[PDB]
There are 2 protein chains.
Amino acid sequence: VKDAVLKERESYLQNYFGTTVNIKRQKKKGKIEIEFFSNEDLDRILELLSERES
Amino acid sequence: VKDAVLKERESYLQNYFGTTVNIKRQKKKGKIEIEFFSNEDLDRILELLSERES
């Protein structure tokens, strides 16, 4: 597995919420951190993570 | 705004991907970190963040 595949997704995620996104590739034991500057973005970001549209 | 509203979502997000999730409430300037133990979960988590089902 090459992180480039996930890192190109970082680019899309940043534009998606209009915010900063960082994936930590650490022996597969990492985390994706979606930053937010308001509690409004927070509620929205959690909404995508929930995918309630489905 | 009370973090309890977002923190109850932390509980749901953890069950959603079957992984550990942490929101950092820091003056609205925080981040949601979705942890993953495989690159498979990583690809899946990014998929929800993209909400391509919509």
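Does region B:42-52 contain at least one residue that is more than 8 Å from chain A (Cβ to nearest Cβ) and touching a strand residue (DSSP E or B) at 6+ places or on another chain (Cβ under 7 Å)?
Let us first name the residues in region B:42-52 that are more than 8 Å from chain A (Cβ to nearest Cβ), namely B:44, B:47, B:52.
Next, from what is left, pick out any that are touching a strand residue (DSSP E or B) at 6+ places or on another chain (Cβ under 7 Å): none.
No, region B:42-52 contains no residue that is more than 8 Å from chain A (Cβ to nearest Cβ) and touching a strand residue (DSSP E or B) at 6+ places or on another chain (Cβ under 7 Å).
Would you pick out the residues in region A:1-40 that are over 23 Å from B:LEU6 (Cβ atoms), more than 7 Å from chain B (Cβ to nearest Cβ) and in contact with a helix residue (DSSP H, G or I) (Cβ under 7 Å, 6 or more places away or on another chain)?
Scanning region A:1-40 gives no hits.
Out of curiosity, is B:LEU48 assigned to a helix (DSSP H, G or I), in contact with a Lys or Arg (Cβ under 8 Å, 6 or more places away or on another chain) and not β-branched (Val, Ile, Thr)? Give the derivation first.
Working: assigned to a helix (DSSP H, G or I): yes; in contact with a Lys or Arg (Cβ under 8 Å, 6 or more places away or on another chain): no; not β-branched (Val, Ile, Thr): yes.
It is false that B:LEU48 is assigned to a helix (DSSP H, G or I), in contact with a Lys or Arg (Cβ under 8 Å, 6 or more places away or on another chain) and not β-branched (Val, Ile, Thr).
With the requirement that a residue be under 9 Å from the mean Cα position of the chain (by Cα) and acidic (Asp, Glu), what does region B:1-40 give you?
Residues satisfying the conditions are B:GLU10, B:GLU33, B:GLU35.
State all residues of region A:1-19 that are outside any helix (DSSP H, G or I) and of a type in the set (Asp, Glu); if no residue qualifies, say none. Explain how you work it out, then say what you get.
Of region A:1-19, the ones outside any helix (DSSP H, G or I) are A:1-3, A:18-19.
Within region A:1-19, A:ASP3 is the sole residue that qualifies.
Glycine gets a Cβ as well: all are built from the backbone with ideal geometry, and neighbour counts include every protein chain shown. Every read-out reported here was derived from the displayed coordinates using simple, explicitly stated rules and does not represent laboratory data.
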